[PDB]
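Step one of this worksheet: look at the structure below.
Because the Cβ atoms are built from the backbone with ideal geometry, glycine has one as well, and the counts that use them run over all protein chains shown. Quick note: the coordinates plus some simple rules give every number you see, no bench work behind them.
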Amino acid sequence: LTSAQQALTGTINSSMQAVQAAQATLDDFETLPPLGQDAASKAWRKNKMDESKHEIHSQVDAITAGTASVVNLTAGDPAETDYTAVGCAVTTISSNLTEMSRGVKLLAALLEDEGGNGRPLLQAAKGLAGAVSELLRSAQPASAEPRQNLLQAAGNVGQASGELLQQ
Ligand SMILES: [Pt+2]
Ligand SMILES: [Pt+2]
C-alpha cells in the first residue's frame, strides 16, 4: 500500500523502460560511415575511439555514483526516505545508461571494424544494463524487501561496471 511512493514507482517504471531499450540496442554496432584506408579515414576512426572511451568512463562513473546515491538515500527505515531524491538519482542512472549505449555501440563498431572484436564490449555493456535493471527492480517502493536484496544489487552494478571498464 503506497503514498507518493507512487511518484517514485512511475519514475522507476519510466527508467526501466529506458533501460530495457538501451539493453536491446546492445545486440549490434552502429553502422559506420564509408571509411576505407584513406589517411583521413584513419584520423576519424582514431579521434572517435578516444572520445568514446572517455565519454563511456564518464557515464559509467555517473552510473556507480547514482547507484551509491540510491543505496544511501534508500536506507534508514522508509517512512523517512526522500522518495523524490531517490527518483532523481535513478533518473541520473538510466539517463546515463542510455548514452553509455550509444557510445559503446560506436566503440565496439570501431574495434570490430579494425580486426578487433566488439562482441565482449557489447556483452559487458549488456551486463551493466541488466544489473542496472535488477537494481531498479529492488528500489521499487512496493518491494517486499528485504534490504539485503537491494544491497546485492547495488553491488552487482559495480561489478558489471568494473568488467565493462576493462573494455
Ligand atoms: Pt520494470
Ligand atoms: Pt581504439
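Considering the range 39-65, and only residues there that are of a type in the set (A, V, I, L, M, F, W, C), away from ligand 2 (no atom under 16 Å from the Cβ) and surrounded by fewer than 18 Cβ atoms within 10 Å (Cβ to Cβ), the residue that is nearest to residue 121 (Cα to Cα) turns out to be 62. For the range 109-133, the candidate set comprises residues that are farther than 14 Å from residue 22 by Cβ and of a type in the set (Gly, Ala, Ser); within that set, the residue that is farthest from ligand 1 (Cβ to nearest atom) is 115. The single condition among (1) farther than 20 Å from residue 158 by Cβ; (2) away from ligand 2 (no atom under 16 Å from the Cβ); (3) touching a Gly at 6+ places or on another chain (Cβ under 8 Å); (4) not aromatic (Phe, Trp, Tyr) that residue 90 does not satisfy is (1).
When restricted to residues that are under 18 Å from residue 99 (Cβ atoms) and in a helix (DSSP H, G or I), the range 111-167 contains 19. Is it the case, given these coordinates, that residue 68 is free of Cβ contacts under 8 Å to residues at least 24 places away in the same chain and either part of a helix (DSSP H, G or I) or surrounded by fewer than 18 Cβ atoms within 10 Å (Cβ to Cβ) (or both)? Judged against the criteria, residue 68 is not a match. Checked against the criteria, residue 97 counts as in a helix (DSSP H, G or I), away from ligand 2 (no atom under 16 Å from the Cβ) and either touching a residue at least 60 places away in the same chain (Cβ under 8 Å) or of a type in the set (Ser, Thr, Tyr) (or both).
Filtering the range 15-38 to residues that are among the hydrophobic types (A, V, I, L, M, F, W, C) and either more than 24 Å from residue 126 (Cα to Cα) or in contact with a strand residue (DSSP E or B) (Cβ under 6 Å, 6 or more places away or on another chain) (or both) leaves only 35. Evaluated against (1) buried (at least 16 other Cβ atoms within 10 Å of the Cβ); (2) without any contact (Cβ under 8 Å) to a residue 40 or more places away in the chain; (3) acidic (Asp, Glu), residue 112 falls short on exactly one condition, (2). As a summary of the residue check, residue 121 satisfies the conditions (1) on the phi < 0 side of the Ramachandran plot; (2) away from ligand 2 (no atom under 16 Å from the Cβ); (3) hydrophobic (A, V, I, L, M, F, W, C) except for the one numbered (2). Taking interchain pairs and intrachain pairs at least six residues apart, which have beta carbon atoms under 6 angstrom, with the first residue in the range 43-54 and closer than 19 Å to residue 165 by Cβ and the second more than 8 Å from ligand 2 (Cβ to nearest atom)? Filtered contacts from the range 43-54: 52/103; 52/106.
Which one of 62, 39 is hydrophobic (A, V, I, L, M, F, W, C), more than 16 Å from ligand 1 (Cβ to nearest atom) and under 11 Å from the mean Cα position of the chain (by Cα)?
Details: 39 fails: under 11 Å from the mean Cα position of the chain (by Cα).
Only one candidate passes the filter, namely 62.
Residue 12 satisfies every condition listed in (1) more than 16 Å from ligand 2 (Cβ to nearest atom); (2) more than 17 Å from residue 122 (Cα to Cα); (3) not in a helix (DSSP H, G or I) except (3).
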